[PDB]
Amino acid sequence: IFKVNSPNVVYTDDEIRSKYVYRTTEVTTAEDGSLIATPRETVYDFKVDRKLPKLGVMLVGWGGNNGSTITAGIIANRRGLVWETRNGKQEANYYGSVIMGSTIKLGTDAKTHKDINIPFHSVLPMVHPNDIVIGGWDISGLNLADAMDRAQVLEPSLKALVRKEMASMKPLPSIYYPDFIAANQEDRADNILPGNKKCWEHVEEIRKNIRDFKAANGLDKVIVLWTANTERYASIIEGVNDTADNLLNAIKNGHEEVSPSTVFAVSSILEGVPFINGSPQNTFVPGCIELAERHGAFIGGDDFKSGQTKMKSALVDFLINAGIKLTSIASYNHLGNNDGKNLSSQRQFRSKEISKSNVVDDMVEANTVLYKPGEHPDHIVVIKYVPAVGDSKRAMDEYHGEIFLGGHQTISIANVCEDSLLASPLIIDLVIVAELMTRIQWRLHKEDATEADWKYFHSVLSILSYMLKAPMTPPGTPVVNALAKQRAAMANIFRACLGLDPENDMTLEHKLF
Amino acid sequence: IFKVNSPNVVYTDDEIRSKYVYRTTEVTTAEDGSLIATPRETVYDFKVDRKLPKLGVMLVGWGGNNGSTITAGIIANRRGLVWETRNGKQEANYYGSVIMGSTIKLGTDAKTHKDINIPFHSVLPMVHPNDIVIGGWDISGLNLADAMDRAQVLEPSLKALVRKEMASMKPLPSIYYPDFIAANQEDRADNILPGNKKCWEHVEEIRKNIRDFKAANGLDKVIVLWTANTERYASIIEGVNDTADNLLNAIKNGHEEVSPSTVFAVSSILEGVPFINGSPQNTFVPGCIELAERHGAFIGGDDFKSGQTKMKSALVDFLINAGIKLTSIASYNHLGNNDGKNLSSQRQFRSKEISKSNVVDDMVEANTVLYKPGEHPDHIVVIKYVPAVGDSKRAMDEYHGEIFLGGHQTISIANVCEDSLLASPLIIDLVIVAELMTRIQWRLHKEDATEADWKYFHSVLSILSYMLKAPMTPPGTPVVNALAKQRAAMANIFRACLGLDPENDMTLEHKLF
Amino acid sequence: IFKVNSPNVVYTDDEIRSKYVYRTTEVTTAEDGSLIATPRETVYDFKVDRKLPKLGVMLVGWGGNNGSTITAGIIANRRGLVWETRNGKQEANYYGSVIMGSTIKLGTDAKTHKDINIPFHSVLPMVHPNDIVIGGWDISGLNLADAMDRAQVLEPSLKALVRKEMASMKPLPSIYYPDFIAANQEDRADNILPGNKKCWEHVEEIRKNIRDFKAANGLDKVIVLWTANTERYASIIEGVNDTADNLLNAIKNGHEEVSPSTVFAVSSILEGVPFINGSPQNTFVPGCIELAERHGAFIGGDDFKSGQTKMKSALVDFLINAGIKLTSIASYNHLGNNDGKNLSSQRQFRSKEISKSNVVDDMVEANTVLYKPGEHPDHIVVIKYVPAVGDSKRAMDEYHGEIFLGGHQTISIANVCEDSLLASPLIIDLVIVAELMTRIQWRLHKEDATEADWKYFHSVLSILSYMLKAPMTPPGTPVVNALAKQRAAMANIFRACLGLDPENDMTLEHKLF
Ligand SMILES: NC(=O)c1ccc[n+]([C@@H]2O[C@H](COP(=O)([O-])OP(=O)(O)OC[C@H]3O[C@@H](n4cnc5c(N)ncnc54)[C@H](O)[C@@H]3O)[C@@H](O)[C@H]2O)c1
Ligand SMILES: NC(=O)c1ccc[n+]([C@@H]2O[C@H](COP(=O)([O-])OP(=O)(O)OC[C@H]3O[C@@H](n4cnc5c(N)ncnc54)[C@H](O)[C@@H]3O)[C@@H](O)[C@H]2O)c1
Ligand SMILES: NC(=O)c1ccc[n+]([C@@H]2O[C@H](COP(=O)([O-])OP(=O)(O)OC[C@H]3O[C@@H](n4cnc5c(N)ncnc54)[C@H](O)[C@@H]3O)[C@@H](O)[C@H]2O)c1
């Protein structure tokens, strides 16, 4: 633990009221066409609620690969289970999680002159993942022990320990619209609500399920996470999905271009729970976003940045920030789970391909020294279904680049990654950060500020962009896709609630003496 | 171009006098063992000399692979030469250079709400690489056109254009101490000064050469860069190399444990020119550093971070900052130039292995959540001599990591990199940044400050750490090895001389509205 | 099953007496320097003993990685055990074995015109691996269940089934000469016979152990296989190891340059059991071979061709037989078992490096169109100890080649191979083929041949060369290292005992009609 010694930071047993000075640079164009840089300061008052709630996560796709892996891993970490591998004994951990497995720099030691590093989870009052309750919906009624055996992700020794408690968990019936997921997912749907079309009864039932989850479990806050199959893009039609009331009427009129995910998101917005989409499909259409802003409900980005895309975000940033001109990026993946079986259809593969292909455009528009306006590298993404490899995704990347005097650099990467074991800690990170963001309020520093001036963060949580492949940002704002930039954004926003200045890495006390 | 509109920044035609507030966090231990974080502010006055000098670089190892590549590339960029490749026409560029091929963010647009990115070279008044004069010493008297043909790095079409002017360049005689480089480099030395041992006449001759370079060329500033063969570690002996006067006496007494690089560095310190070591050997012993601090001469780090080590700095940082526990790093390189031939000896390979192996220790000591005190991954580095591959170094990396619930991640990387084409822009970056650092002065902001209170940066230039594999820091300070951290340090130090605040990446104007 | 309908093949319930015509080509130099090719025919009589013996294998290094894996796998296949993996249910098999997992072509169908393929194990009367008895010596007294847990090769579910029967197996004490294996293997030796030097009592004890194994178990034939640590090369000294009697005197005189493996081989030759060396060290010195020929004892080659070397034998053959000039071969391996720990010493790594480096010389001497006399590619082999990877050896190969008009081909291979699971079926293959070779006799076809003219194959079994990295051939004969050639040799020699002609692959009945 640590505390901040500053007149600007006031600690109360319920609140961490703090004063912060946001310092930025504003650029305006001069008369002769040159740029003028002006330092700007905005004084902000931040309020952080110290009380930790009893948090529940509702998973849409509970019986999937990722959902079963999560519920098993939370049980394993909560009980401190030790199991047997060929190498010997294995203990439960939260590796692969930036919040639960990484540290950030607090400051420099006065005496030793060395850096003080504290866990990322300990910066702000945050909910511990061991106490997270899981539930939700699935079109397949298989219990989560049998779902665990279907997934083929976990070792038999661990499954033996977690099977007794995971056999009592059965997902609630969900909604199946046949048009949106692949034709080979017909035989999977046995636990489905009455109706293959879009209706207002589905919204009522989903709201009832969220209510009953919170009531029966005894939870203070609920979060809904979409971990279901990738869907096809729902066409944007004027009068159907372009406005909150238009969409609310389209649900009742039973229009044939409303995704199941949109029904879940609408139910979440009407019940006041945050909704995070873990799939590349366009769950939030114009009208879902406006309904979220009209009600004050928090909504997150799309997809999960776990594996080849995370390393791509690191590498493209590193290579373009070093002066190497990337001309080709070729991503090849083949996998043999139900995720790859659903993406074997073109209409459902297109969404994932679009999500994977749009991670490098911001980095190539930032480097105007290498890339001319309109110059983009050849970015190809291929995903194939190989049933024999199972959950072990094999990714092959070829990065082709141009260097000094026309030289050629080629970087070939072979990644053997367990998909579910790389996305589960991301879900933990998403829920923990979203719960924290529901507990932070802000206002402008005035000499007569009242309690009525407290405001929340914008309904679209871009602070989750570290864990999201296709970040969703507030309407009209740019998108940040660099991994280091997103991690720094999260860390510095967390430090701003403590009145601490952002990390600059200059270290002038070691250079000027 | 751009200008800063701020009362703290005053622009004169010769100076950029600016006022900056260095904001950091200081950590002190409380009585009950907890940590206390206190915001600290140090007010600094920075003075930047706007006048650009005529800069000359003296290369020790001019006829090597890297030196010939540099002199050819500077000619190619200066003349704007276009040559023929199989793919068609190729123009000269400075790709692979962070200063000449990358951009940094200046600020946000007032109207568009989009980011303004300006070239890294345009942030501060900096010397253009097209105007850099080259010269120096080599033990081989071959002219640099024949040295270019010996190197086997450049295409015949480019060599045809640059051969006429590169055949008039002949390196000055150098000093050859047989004990320090490999036994297979005996036949290479034909241009050597009289003497196989350490003497004060060598210092006189090297100082004379630096003087004559500056006088004949008409230069305002000179920088010496060691681009010669990797040397063996010179033993630290009390009374020989532990003190500036002890070392100055050891040169005259002709002790047998003084490297040729130490003679070059001593000559540079006595003539007031900066010296940058581009090799893993310990050029600066205790006594060379003290002589540098006693005279005010600037000295740089060791080795060149070009290729597998740069990507290692990116990847290890990315993986450990994401919660993945690296257990094994295995670097394999084989190459067939004179660099690999000199490293075929164990005593000269040890220095490069030590330099390559110490890039990840700071990242594993920062993450106390994953690594216990004393826990280090298995880091192996292998370098082999394969004459058939030439300058094209083939690097194979295996990163083995532990992830959620005991999962295994393996990342296999095959890099085919032209060594000389990845290190030449690094040399340009080093000389440009070092020249700029010779033009920056600092002081503490007082109400009665005088002109006599202006001070330079510390003699050990750690701001070059981005381009250096084994960064040398001021005595008693920690070492930063993360690539993103070093680039951010350079950018934020450059912005501090303009009175601008460091980049925080928070973007609160897009989240709070 | 199948039978041969031919007057040349006579089937008896105990013998398969057959007549074969060995057809080859002989080359003699003409007067004008040209070559003359003459067809030669040698008529051979082959006798194959149909009776299958009760076979026992004695392993030197029983408690090692490979020995424990073998004894466990034989139990698993014998009992037909099914265990649990993450993917589901796994049954026992003999995959990775050329005899037990591959087929050979018997002939063409008269009616269908399609090929008839029969299992390699069914060509000749051969011992089934399910009935093989295991035993032997080890310097470590740990039982083989605890040795199995030490090895970290097998899944916990399989180990649970095999642990009860593998805990009753304890290796006999062995002989430890400290000079020959690495200094870090001191603490491993607790089950050692009295004596750190070479003595005749060791031969008596080893012979007693072989006798008692056969007597107690009730076996008809015994084979000894060296699966112990790699040793250093024993110097060839005149009067010590250059003659059978010289070596027999050197054992008694206690010379300090006689390997432990030589003592085992000598004991085997004096007891009449075959000895196969599975390590790169020179077990058979001049004098051991002569003793083998003087007694009639069978001795095999050196090392195990399992993994990167097998693929190297395939690839180098394929590339050089296709017209591609290999200029560089770079093999990198790192592993973390006791094998890699013993090879961390230079004197013990040299033997493995020599064994791995000499697999391509025969292929480059066969292609006189590409390689001039004395032209050899750059062949580098690196083996490193990385304790974190365990038995999973990571091999990285770079094959660099020259193609049409000076083009460059590069082939980069990343192999993740379980070392013990690739060498265990090789040991099964070696013992099965060696037992068969002890049951085959030959003679020249004469009109008055008697029973006294029956002869055995030469004491040095080169027919095992498929499974051996460093093939040992009869003194004065060339070595075959191509994998396809060795497999074809084995198949055609097996078919020659059946009176069948070698496979030619011409298929003229489908081309001439
Ligand atoms: N590395 C990763 O695992 C990763 C990374 C990025 C994105 N994603 C995305 O996350 C999602 C989950 O991946 P997975 O491998 O766990 O999936 P999966 O293939 O196991 O299927 C998800 C589950 O959702 C269920 N489902 C489908 N439609 C439903 C509906 N309308 N209501 C309720 N349940 C429904 C399916 O029956 C299935 O059990 C996918 O969309 C995938 O594309 C995964
Ligand atoms: N990617 C890279 O190229 C890279 C990266 C990191 C470090 N380095 C280091 O940079 C240096 C230059 O590499 P290179 O491939 O150009 O080297 P190289 O093999 O071509 O040899 C450098 C030159 O220095 C000369 N030399 C040696 N001792 C000398 C002395 N006392 N005085 C004058 N000249 C002397 C040699 O004759 C040779 O011509 C090496 O030490 C190398 O280890 C290179
Ligand atoms: N893929 C492979 O596994 C492979 C391939 C080629 C060659 N080999 C060779 O096969 C051998 C076995 O490999 P491993 O990984 O099973 O070995 P290992 O590292 O497990 O050690 C072999 C065993 O032999 C024992 N031993 C050593 N000296 C002995 C002696 N004098 N008498 C009795 N026991 C003795 C050791 O204590 C150890 O238990 C090694 O020499 C290895 O180099 C293995």
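In listed order, ligands and their atoms are each counted from 1. Keep in mind that the numbers below use all heavy atoms, side chains included, and drop hydrogens, waters and symmetry copies. Chain A is the first sequence line, chain B the second, and so forth, proteins listed ahead of strands; every chain is numbered from 1.
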>> As an exercise, state the distance from CD of A:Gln308 to CG of A:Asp419, rounded to the nearest 0.5 Å.
In response: 10.0 Å
> Which distance, rounded to the nearest 0.5 Å, do you find between the OG1 of C:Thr69 and the CG of C:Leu421?
Replying inline: 6.0 Å
Any donor and acceptor pair, going by atom type alone, linking the side chain of [X] with main-chain N or O of [Y] inside 3.5 Å?
X	Y	value
B:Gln348	B:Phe180	yes
C:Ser68	C:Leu144	no
C:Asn191	C:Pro171	yes

> Looking only at heavy atoms, is any part of B:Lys393 under 4.0 Å from ligand 2, and if so is it the side chain, the backbone, or both, or is it neither?
Replying inline: neither
Options [options], ranked by nearest heavy atom to [atom], top entry:
atom	options	answer
atom 9 (C) of ligand 2	B:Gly278, B:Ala470, B:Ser259, B:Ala151	B:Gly278
atom 42 (C) of ligand 1	A:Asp339, A:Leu421, A:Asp190	A:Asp339
atom 31 (N) of ligand 2	B:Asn338, B:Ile139, B:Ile175	B:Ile175
atom 13 (O) of ligand 2	B:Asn65, B:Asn66, B:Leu422	B:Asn66
atom 43 (O) of ligand 2	B:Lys341, B:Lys352, B:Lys469	B:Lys352

Tell me the protein heavy atom at minimum distance from [atom], and give that distance in Å.
atom	answer
atom 32 (N) of ligand 2	B:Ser174 OG, 2.6 Å
atom 5 (C) of ligand 3	C:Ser306 OG, 3.5 Å
atom 35 (C) of ligand 2	B:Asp138 OD1, 3.5 Å
atom 22 (C) of ligand 3	C:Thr227 O, 3.5 Å
atom 21 (O) of ligand 2	B:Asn229 OD1, 3.0 Å
atom 39 (O) of ligand 2	B:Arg188 NH2, 3.0 Å

> C:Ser420 to ligand 3: N or O pair under 3.5 Å?
Replying inline: no
> Does the N or O separation between C:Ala228 and ligand 3 drop below 3.5 Å for any pair?
Replying inline: yes
Do [X] and [Y] come within less than 4.5 Å of each other through their side chains, counting heavy atoms only?
X	Y	answer
C:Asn277	C:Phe264	no
A:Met148	A:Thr71	no
C:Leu422	C:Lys393	no
B:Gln185	B:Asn338	yes
B:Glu231	B:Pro260	yes

> For C:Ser306 and C:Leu426, which heavy atoms make the closest approach, and how far apart are they?
Replying inline: CB-CD2, 3.7 Å
Run the contact test for [X] against ligand 1 with a 4.0 Å cut-off on heavy atoms, strictly below, and give the result.
X	value
A:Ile181	no
A:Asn342	no
A:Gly307	no

>> Using a 4.0 Å heavy-atom cut-off, which part of A:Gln185 comes near ligand 1: side chain, backbone, both, or neither?
In response: neither
> Among the heavy atoms of C:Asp303, does any lie under 4.0 Å from an atom of ligand 3?
Replying inline: yes
>> Polar contacts were defined as any N/O atom of the residue lying under 3.5 Å from an N/O atom of the ligand; does this apply to B:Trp226 and ligand 2?
In response: no
Residue pair [X] / [Y], side-chain donor-acceptor N/O under 3.5 Å:
X	Y	result
A:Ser259	A:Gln281	no
A:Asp303	A:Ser355	yes
A:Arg150	A:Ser140	yes

> Hey, which atoms in ligand 2 end up nearer than 4.0 Å to a heavy atom of B:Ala423?
Replying inline: 1 (N), 2 (C), 3 (O)
> Near A:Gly64, which atoms of ligand 1 are under 4.0 Å from a heavy atom of that residue?
Replying inline: 20 (O), 23 (C), 39 (O)
>> At less than 4.0 angstrom from any non-hydrogen atom of A:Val60, what atoms of ligand 1 do you find?
In response: 32 (N), 33 (C)
> What part of C:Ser140, side chain from CB on, backbone N/CA/C/O, both or neither, has a heavy atom under 4.0 Å from ligand 3?
Replying inline: neither
